[PDB]
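Visitor: Take a look at the following structure, please.
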Amino acid sequence: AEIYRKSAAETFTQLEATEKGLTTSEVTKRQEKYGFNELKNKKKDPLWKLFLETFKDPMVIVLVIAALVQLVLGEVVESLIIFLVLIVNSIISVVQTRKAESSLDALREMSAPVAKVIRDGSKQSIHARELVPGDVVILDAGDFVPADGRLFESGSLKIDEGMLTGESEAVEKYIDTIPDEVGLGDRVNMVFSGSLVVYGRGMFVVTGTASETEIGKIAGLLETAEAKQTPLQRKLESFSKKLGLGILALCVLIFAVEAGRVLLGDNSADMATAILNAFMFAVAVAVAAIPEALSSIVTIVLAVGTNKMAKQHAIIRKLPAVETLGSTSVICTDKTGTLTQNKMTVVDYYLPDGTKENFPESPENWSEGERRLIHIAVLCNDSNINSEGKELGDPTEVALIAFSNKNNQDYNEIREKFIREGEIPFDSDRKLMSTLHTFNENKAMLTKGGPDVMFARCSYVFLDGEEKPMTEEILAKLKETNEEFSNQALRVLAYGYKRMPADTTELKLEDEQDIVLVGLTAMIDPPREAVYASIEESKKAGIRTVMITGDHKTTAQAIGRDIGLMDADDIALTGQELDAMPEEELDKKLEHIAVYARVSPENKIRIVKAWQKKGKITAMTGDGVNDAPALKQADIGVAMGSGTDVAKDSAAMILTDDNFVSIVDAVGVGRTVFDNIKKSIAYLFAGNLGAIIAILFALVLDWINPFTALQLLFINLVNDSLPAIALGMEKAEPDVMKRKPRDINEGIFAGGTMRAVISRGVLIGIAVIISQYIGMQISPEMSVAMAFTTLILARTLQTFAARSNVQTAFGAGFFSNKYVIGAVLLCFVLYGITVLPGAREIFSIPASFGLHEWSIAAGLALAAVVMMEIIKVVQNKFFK
Ligand code: BEF
Ligand SMILES: [Mg+2]
């Protein structure tokens, strides 16, 4: 807004509105051109496109044409089945992205209305929506801010810009003008919308309404709401086009060859018979070339995914998300509340006499001197622990009693022994807090402050008893330790019991001198106890890790060095450094960005977009509101358990236990799911190709096409639908974790699978053609039946040769997969239903079909899968 670069009273002139009062005519006029202070989602959601957008898929167009042709051919049944499964495949994909919509209601709940406003010179109160630039709004601690603006009177107020910066601590606000261009996190002279004023009073001008404000910027990034195609969807459509082209090639080929047979025929030939024969062949190939169960099967192999994840407290609302995490190569994480748990804890302490490397066990254990600081630090804090144990108060102050409760020392047993009734004033200047302390019969006035200012009024030191003041080795060692702790980016605090006043009625500002300081403590928001392994695990898995944070660069650069994200001598950049960097050099810097710091929401979505353009498919994990842009823009979003509902509803995956390990464990599952679908689709498609090779051979030899409609249909959507899922249920290979991330550009069958698909699909059709020849010698009706028996049995038995393209069924656990054998037996039954005397004529099986003919055809299908199994071992190929 550049207002923080501007002056205080100078801003009201450019707003041309008075700071004292806003007339009713100002409200009218300014509402007419700036509108209300409201956001409404601009989503038509007509669902007409969504119903039509399923016809954008080439797999569906061919089936519509085939079913329409099936209708005029008197083939009503086998056409209505196609219409059924087309509506099935449509209903899947429409509601797969209906729920993938950003909950702008969740962000609407932070509107925070009914804000005190000076209207017509009278102090009044109205909703947030009726606010417009130039108006004067009042802030008192405890209410939220209706909209962003610049404060022209600071009553020492501290606000919590958590939804912008990612830090939940109160930051002081200054009325003074900052004549400098700095970042978005350090807008000290102006406030923003949606933040809670933790402390102090204040007045401010509001530069903008709910539109073109910071939460409105986040809302725009969320309103784009365009998630890229998943690796599965991208690959599958890039192959669905190639698949659809084969149909309009083969239909033309059939319409041509059938016409070619009319020229050389004796007395020409029957013309309508040739045309109609071409049409029967055309529908027979169109139904066989498309695996119409592929959507109903891919959705179920994904049905396994988030179920395996639900046992680890990681929910997935959108199914296609699972496979995405497999192909991920760049993981971008949030610093506060994701790598950490937002809890403030102490890692090391400094006392004049005792500084053990590790904090000791229990107060009845160490017993080293008089723990004066341990006794006064629980008195100088203002944090409370409820019966629930939940956290309330300033986050820096809770670190005094949380670390105390960790060391077998209750937070009440020491706060009840000593009774303090202090003046507890504000910390506008010097960051001071006085109190009344009663020990034995003497008095004290404990006071806490920043180590750089609390030592300025310090006039005593003491180790192992009272040592009064000292000049050397005392004022130089405190700087040594405070500076080494600030080099570790540890928030250090100084606490001095100060027994300056005694039995006085009230503590005065003048008598805060002669301070006697006990000790210093270094608190920091520490990483999760489970994040350190998730980094070595991701690096050995081929995943580059990147931290995207909006906090200070010191803590952001310190965190991660211990974790190992960046190198031992790497450098981070600020959000200002990204506000001025264009896209030309950013992509050359994007490979050495390492870790960011003090970034804005738009900076997070920027990095995700840049990585996508780089060619790497990425993932985003964050917990607050300032991550929802990056989540919705990323391929998949992972929200934390304690994170706000904005990220929870704008993310595809939501883990609830804050266990970051489950992130890396997700990739291992991802690559597995895909690896199964690859070997599932293969199995389902090879059996399709074999059905085509058998049809085409009957056209070039002018035989009755070995299959009919409703027959191939039943094989595709009912018969093989079970073994495809069974192959989906296969076990994961231990070599999956080390393998480099699968590229987004390679095909589905890339990696040696394509050769396996063509091998198995050729063997199926070859056996089927032979069976049709035998039947053709017996009778034309027989050939159809024998060919169908061979197809429905060879695709069934193909599961054994299709469990793995690199290994045989024997030696890889023949009975290992209970689902594979279950499917082979169930498909034996699903074929037995064909020979029933009631359903024998609805499958075009003749009444003369005996067991000897079945012996022949089944021997052929058996020998076909036998061929496949011996073929698999023939070569050193298929290894990638
Ligand atoms: F809490 Be994160 F670092 F934005
Ligand atoms: Mg966070």
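Please note that chains go A, B, ... in the order of the structure tokens, that every chain numbers its residues from 1, and that ligands are numbered from 1 in the order shown.
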Would you name the residues within 9 Å of ligand 1, counting only C-alpha atoms and all ligand atoms, and put them as a PyMOL selection string?
Guide: chain A and resi 162-168+333-340+342+547-551+556+597-601+604+622-627
Visitor: Print the selection's residues with N, CA and C atoms to a file, as an mmCIF file, in the first residue's frame.
Guide:
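part-v2.cif, written as the output of this step:
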data_model
loop_
_atom_site.group_PDB
_atom_site.id
_atom_site.type_symbol
_atom_site.label_atom_id
_atom_site.label_comp_id
_atom_site.auth_asym_id
_atom_site.auth_seq_id
_atom_site.Cartn_x
_atom_site.Cartn_y
_atom_site.Cartn_z
ATOM 1 N N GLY A 162 -0.861 -13.045 13.082
ATOM 2 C CA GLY A 162 -0.578 -14.450 12.868
ATOM 3 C C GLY A 162 -0.964 -14.921 11.487
ATOM 4 N N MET A 163 -2.108 -14.457 10.987
ATOM 5 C CA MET A 163 -2.614 -14.910 9.693
ATOM 6 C C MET A 163 -1.826 -14.338 8.523
ATOM 7 N N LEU A 164 -0.975 -13.332 8.759
ATOM 8 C CA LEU A 164 -0.093 -12.758 7.737
ATOM 9 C C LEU A 164 1.335 -13.284 7.853
ATOM 10 N N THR A 165 1.961 -13.138 9.029
ATOM 11 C CA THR A 165 3.382 -13.398 9.192
ATOM 12 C C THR A 165 3.693 -14.821 9.636
ATOM 13 N N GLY A 166 2.735 -15.520 10.237
ATOM 14 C CA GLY A 166 2.966 -16.853 10.751
ATOM 15 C C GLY A 166 3.484 -16.910 12.170
ATOM 16 N N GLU A 167 3.642 -15.767 12.831
ATOM 17 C CA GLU A 167 4.023 -15.710 14.233
ATOM 18 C C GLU A 167 2.806 -15.332 15.065
ATOM 19 N N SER A 168 2.660 -15.978 16.220
ATOM 20 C CA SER A 168 1.496 -15.785 17.073
ATOM 21 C C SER A 168 1.778 -14.890 18.274
ATOM 22 N N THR A 333 7.726 -26.566 2.975
ATOM 23 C CA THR A 333 7.114 -26.654 4.293
ATOM 24 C C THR A 333 7.041 -25.282 4.957
ATOM 25 N N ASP A 334 6.151 -25.184 5.937
ATOM 26 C CA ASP A 334 6.001 -24.010 6.778
ATOM 27 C C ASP A 334 6.843 -24.183 8.039
ATOM 28 N N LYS A 335 7.325 -23.064 8.584
ATOM 29 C CA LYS A 335 8.263 -23.130 9.706
ATOM 30 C C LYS A 335 7.556 -23.248 11.054
ATOM 31 N N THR A 336 6.634 -22.335 11.347
ATOM 32 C CA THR A 336 5.975 -22.274 12.647
ATOM 33 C C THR A 336 4.710 -23.123 12.627
ATOM 34 N N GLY A 337 4.681 -24.168 13.453
ATOM 35 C CA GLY A 337 3.524 -25.029 13.560
ATOM 36 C C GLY A 337 3.520 -26.229 12.637
ATOM 37 N N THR A 338 4.465 -26.315 11.700
ATOM 38 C CA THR A 338 4.605 -27.481 10.835
ATOM 39 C C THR A 338 5.881 -28.241 11.185
ATOM 40 N N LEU A 339 7.055 -27.650 10.945
ATOM 41 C CA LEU A 339 8.290 -28.253 11.433
ATOM 42 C C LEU A 339 8.318 -28.263 12.953
ATOM 43 N N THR A 340 7.809 -27.206 13.572
ATOM 44 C CA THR A 340 7.671 -27.115 15.011
ATOM 45 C C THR A 340 6.231 -27.442 15.403
ATOM 46 N N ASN A 342 4.751 -24.971 17.465
ATOM 47 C CA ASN A 342 4.418 -23.613 17.886
ATOM 48 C C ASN A 342 4.647 -23.407 19.381
ATOM 49 N N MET A 547 12.154 -24.848 2.825
ATOM 50 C CA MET A 547 11.371 -24.201 3.869
ATOM 51 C C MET A 547 10.936 -22.820 3.399
ATOM 52 N N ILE A 548 9.637 -22.551 3.489
ATOM 53 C CA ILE A 548 9.053 -21.271 3.105
ATOM 54 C C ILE A 548 8.365 -20.707 4.340
ATOM 55 N N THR A 549 8.964 -19.681 4.944
ATOM 56 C CA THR A 549 8.490 -19.140 6.209
ATOM 57 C C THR A 549 8.283 -17.637 6.109
ATOM 58 N N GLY A 550 7.515 -17.111 7.061
ATOM 59 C CA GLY A 550 7.260 -15.686 7.134
ATOM 60 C C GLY A 550 7.728 -15.057 8.430
ATOM 61 N N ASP A 551 8.691 -15.691 9.096
ATOM 62 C CA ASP A 551 9.233 -15.193 10.350
ATOM 63 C C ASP A 551 10.597 -14.547 10.106
ATOM 64 N N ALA A 556 14.722 -18.379 11.201
ATOM 65 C CA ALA A 556 14.483 -19.196 10.014
ATOM 66 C C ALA A 556 15.772 -19.785 9.456
ATOM 67 N N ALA A 597 12.693 -16.772 4.095
ATOM 68 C CA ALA A 597 12.467 -16.120 5.378
ATOM 69 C C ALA A 597 11.697 -14.828 5.151
ATOM 70 N N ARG A 598 10.763 -14.535 6.061
ATOM 71 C CA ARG A 598 10.009 -13.279 6.061
ATOM 72 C C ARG A 598 9.296 -13.058 4.724
ATOM 73 N N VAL A 599 8.599 -14.091 4.260
ATOM 74 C CA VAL A 599 7.912 -14.035 2.982
ATOM 75 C C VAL A 599 6.446 -13.687 3.212
ATOM 76 N N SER A 600 5.817 -13.155 2.175
ATOM 77 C CA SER A 600 4.396 -12.843 2.184
ATOM 78 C C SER A 600 3.606 -14.021 1.633
ATOM 79 N N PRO A 601 2.275 -14.018 1.788
ATOM 80 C CA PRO A 601 1.472 -15.096 1.171
ATOM 81 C C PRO A 601 1.708 -15.243 -0.331
ATOM 82 N N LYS A 604 4.756 -17.227 -1.152
ATOM 83 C CA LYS A 604 4.604 -18.678 -1.084
ATOM 84 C C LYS A 604 3.984 -19.219 -2.366
ATOM 85 N N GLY A 622 1.623 -26.651 5.319
ATOM 86 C CA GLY A 622 1.569 -25.506 6.216
ATOM 87 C C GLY A 622 0.303 -25.534 7.042
ATOM 88 N N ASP A 623 0.274 -24.697 8.093
ATOM 89 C CA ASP A 623 -0.787 -24.834 9.093
ATOM 90 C C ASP A 623 -1.686 -23.616 9.268
ATOM 91 N N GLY A 624 -1.205 -22.400 9.007
ATOM 92 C CA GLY A 624 -1.971 -21.205 9.302
ATOM 93 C C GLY A 624 -2.960 -20.831 8.220
ATOM 94 N N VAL A 625 -3.229 -19.529 8.107
ATOM 95 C CA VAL A 625 -3.974 -19.013 6.964
ATOM 96 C C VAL A 625 -3.042 -18.649 5.812
ATOM 97 N N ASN A 626 -1.859 -18.116 6.114
ATOM 98 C CA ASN A 626 -0.887 -17.653 5.129
ATOM 99 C C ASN A 626 -0.331 -18.775 4.249
ATOM 100 N N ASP A 627 -0.829 -20.009 4.348
ATOM 101 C CA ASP A 627 -0.397 -21.100 3.484
ATOM 102 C C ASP A 627 -1.459 -21.549 2.493
#
Visitor: For residue 161 in chain A, list every protein, DNA or RNA residue within 10 Å, evaluated using only C-alpha atoms, and leave out those in the same chain fewer than 3 positions away; present the list as a CSV table (one decimal) with N, CA, C and O atoms, in the first residue's frame.
Guide:
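As a result, out_4.csv now contains:
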chain,number,residue,atom,x,y,z
A,158,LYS,N,-0.4,-3.8,21.1
A,158,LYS,CA,0.3,-4.9,20.5
A,158,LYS,C,-0.7,-5.8,19.8
A,158,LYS,O,-1.7,-6.2,20.5
A,164,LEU,N,-1.0,-13.3,8.8
A,164,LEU,CA,-0.1,-12.8,7.7
A,164,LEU,C,1.3,-13.3,7.9
A,164,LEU,O,1.9,-13.8,6.9
A,165,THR,N,2.0,-13.1,9.0
A,165,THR,CA,3.4,-13.4,9.2
A,165,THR,C,3.7,-14.8,9.6
A,165,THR,O,4.8,-15.3,9.4
A,166,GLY,N,2.7,-15.5,10.2
A,166,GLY,CA,3.0,-16.9,10.8
A,166,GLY,C,3.5,-16.9,12.2
A,166,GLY,O,3.8,-18.0,12.7
A,167,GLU,N,3.6,-15.8,12.8
A,167,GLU,CA,4.0,-15.7,14.2
A,167,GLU,C,2.8,-15.3,15.1
A,167,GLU,O,2.0,-14.5,14.7
A,168,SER,N,2.7,-16.0,16.2
A,168,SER,CA,1.5,-15.8,17.1
A,168,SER,C,1.8,-14.9,18.3
A,168,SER,O,0.9,-14.8,19.2
A,169,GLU,N,2.9,-14.2,18.3
A,169,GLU,CA,3.3,-13.4,19.4
A,169,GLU,C,2.9,-11.9,19.1
A,169,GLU,O,2.8,-11.5,18.0
A,170,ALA,N,2.6,-11.2,20.2
A,170,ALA,CA,2.2,-9.8,20.0
A,170,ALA,C,3.4,-8.9,19.6
A,170,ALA,O,4.5,-9.0,20.2
A,171,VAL,N,3.3,-8.1,18.6
A,171,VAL,CA,4.3,-7.2,18.1
A,171,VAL,C,3.9,-5.7,18.4
A,171,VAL,O,2.7,-5.4,18.2
A,185,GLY,N,6.0,-7.9,6.9
A,185,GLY,CA,5.8,-8.4,8.3
A,185,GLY,C,6.2,-7.3,9.4
A,185,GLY,O,5.7,-7.4,10.5
A,186,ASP,N,6.9,-6.3,9.0
A,186,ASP,CA,7.4,-5.2,9.9
A,186,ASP,C,6.7,-3.9,9.6
A,186,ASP,O,7.3,-2.8,9.8
A,191,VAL,N,-1.6,-1.1,10.9
A,191,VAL,CA,-2.2,-2.4,11.2
A,191,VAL,C,-2.8,-3.1,10.0
A,191,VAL,O,-2.9,-2.5,8.9
A,192,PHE,N,-3.3,-4.3,10.1
A,192,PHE,CA,-3.9,-5.1,9.1
A,192,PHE,C,-5.2,-5.7,9.6
A,192,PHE,O,-5.6,-5.6,10.8
A,193,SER,N,-5.9,-6.3,8.6
A,193,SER,CA,-7.3,-6.9,8.9
A,193,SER,C,-7.1,-8.3,9.5
A,193,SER,O,-6.2,-9.1,9.1
A,194,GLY,N,-8.1,-8.7,10.3
A,194,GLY,CA,-8.1,-10.0,10.8
A,194,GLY,C,-7.3,-10.3,12.1
A,194,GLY,O,-7.4,-11.4,12.6
A,195,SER,N,-6.4,-9.4,12.4
A,195,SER,CA,-5.5,-9.6,13.6
A,195,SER,C,-6.3,-9.2,14.9
A,195,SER,O,-7.2,-8.4,14.9
A,196,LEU,N,-5.8,-9.8,16.0
A,196,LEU,CA,-6.4,-9.6,17.3
A,196,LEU,C,-5.4,-8.7,18.1
A,196,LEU,O,-4.3,-9.0,18.3
A,197,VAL,N,-5.9,-7.5,18.5
A,197,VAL,CA,-5.1,-6.6,19.3
A,197,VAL,C,-5.0,-7.2,20.7
A,197,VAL,O,-6.0,-7.3,21.5
Visitor: From the list A:722, A:769, A:744, A:248, which residue is nearest residue 825 in chain A when using only C-alpha atoms?
Guide: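 Using only C-alpha atoms, the shortest distance to residue 825 in chain A belongs to A:722.
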Visitor: Could you check which of A:430, A:235, A:150, A:6 is closest to residue 677 in chain A, using only C-alpha atoms?
Guide: A:235
Visitor: Give me the residues near residue 793 in chain A as a ChimeraX atom specification, where near means some atom within 8 Å (using only C-alpha atoms) and where sequence neighbours in that chain fewer than 3 positions away do not count.
Guide: /A:789-790,796-797,828,831,858,861-862
Visitor: Save out the residues we just selected, C-alpha atoms, as an mmCIF file, in the first residue's frame.
Guide:
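Dumped everything to again_27.cif:
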data_model
loop_
_atom_site.group_PDB
_atom_site.id
_atom_site.type_symbol
_atom_site.label_atom_id
_atom_site.label_comp_id
_atom_site.auth_asym_id
_atom_site.auth_seq_id
_atom_site.Cartn_x
_atom_site.Cartn_y
_atom_site.Cartn_z
ATOM 1 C CA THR A 789 -14.169 -68.770 -24.094
ATOM 2 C CA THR A 790 -10.496 -68.340 -24.953
ATOM 3 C CA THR A 796 -8.604 -64.210 -16.376
ATOM 4 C CA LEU A 797 -5.480 -66.384 -16.180
ATOM 5 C CA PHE A 828 -13.975 -68.862 -13.351
ATOM 6 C CA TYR A 831 -17.523 -67.502 -16.856
ATOM 7 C CA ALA A 858 -9.658 -73.564 -22.575
ATOM 8 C CA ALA A 861 -6.267 -69.836 -23.187
ATOM 9 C CA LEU A 862 -4.222 -71.812 -20.647
#
Visitor: So, counting only C-alpha atoms and all ligand atoms, which residue among A:738, A:870, A:639, A:397 is closest to ligand 2?
Guide: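 Nearest candidate to ligand 2 out of A:738, A:870, A:639, A:397: A:639.
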Visitor: Let me make sure I understand: among A:620, A:374, A:159, A:698, which one has the smallest atom-to-atom distance to ligand 2 if we use only C-alpha atoms and all ligand atoms?
Guide: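 Distance minimum relative to ligand 2 lands on A:620.
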Visitor: Taking 6 positions as the minimum chain separation for residues in the same chain, which residues sit within 6 Å of range 118-120 of chain A when counting only C-alpha atoms? Answer as an mmCIF file with N, CA and C atoms, in the first residue's frame.
Guide:
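Written out: part-v9.cif:
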data_model
loop_
_atom_site.group_PDB
_atom_site.id
_atom_site.type_symbol
_atom_site.label_atom_id
_atom_site.label_comp_id
_atom_site.auth_asym_id
_atom_site.auth_seq_id
_atom_site.Cartn_x
_atom_site.Cartn_y
_atom_site.Cartn_z
ATOM 1 N N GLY A 21 -13.978 13.285 12.340
ATOM 2 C CA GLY A 21 -15.335 12.827 12.118
ATOM 3 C C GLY A 21 -15.608 12.584 10.654
ATOM 4 N N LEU A 22 -16.528 11.658 10.391
ATOM 5 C CA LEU A 22 -16.982 11.338 9.044
ATOM 6 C C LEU A 22 -18.486 11.551 8.987
ATOM 7 N N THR A 23 -18.924 12.471 8.131
ATOM 8 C CA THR A 23 -20.340 12.779 8.028
ATOM 9 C C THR A 23 -21.110 11.582 7.469
ATOM 10 N N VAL A 136 -12.618 6.572 10.823
ATOM 11 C CA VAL A 136 -11.800 6.529 12.028
ATOM 12 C C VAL A 136 -12.314 5.382 12.883
#
Visitor: From the options A:29, A:42, A:343, A:311, which residue's atoms come nearest to ligand 2, counting only C-alpha atoms and all ligand atoms?
Guide: A:343
Visitor: With the cut-off set at 10 Å and counting only C-alpha atoms, tabulate each residue of range 565-639 of chain A with an atom at most that distance from an atom of range 94-109 of chain A, showing the nearest atom pair and its distance in Å to one decimal, ordered by chain and increasing number, as a tab-separated table.
Guide:
residue	atom	partner	partner_atom	distance
A:625	CA	A:107	CA	8.5
A:628	CA	A:102	CA	8.7
A:629	CA	A:102	CA	9.8
A:632	CA	A:102	CA	7.6
Visitor: When you look at residue 76 in chain A with a cut-off of 10 Å (counting only C-alpha atoms), what residues show up, excluding the ones that are within fewer than 6 positions of it in the same chain? I need them as a list in words.
Guide: residues 67, 68, 70 and 710 of chain A
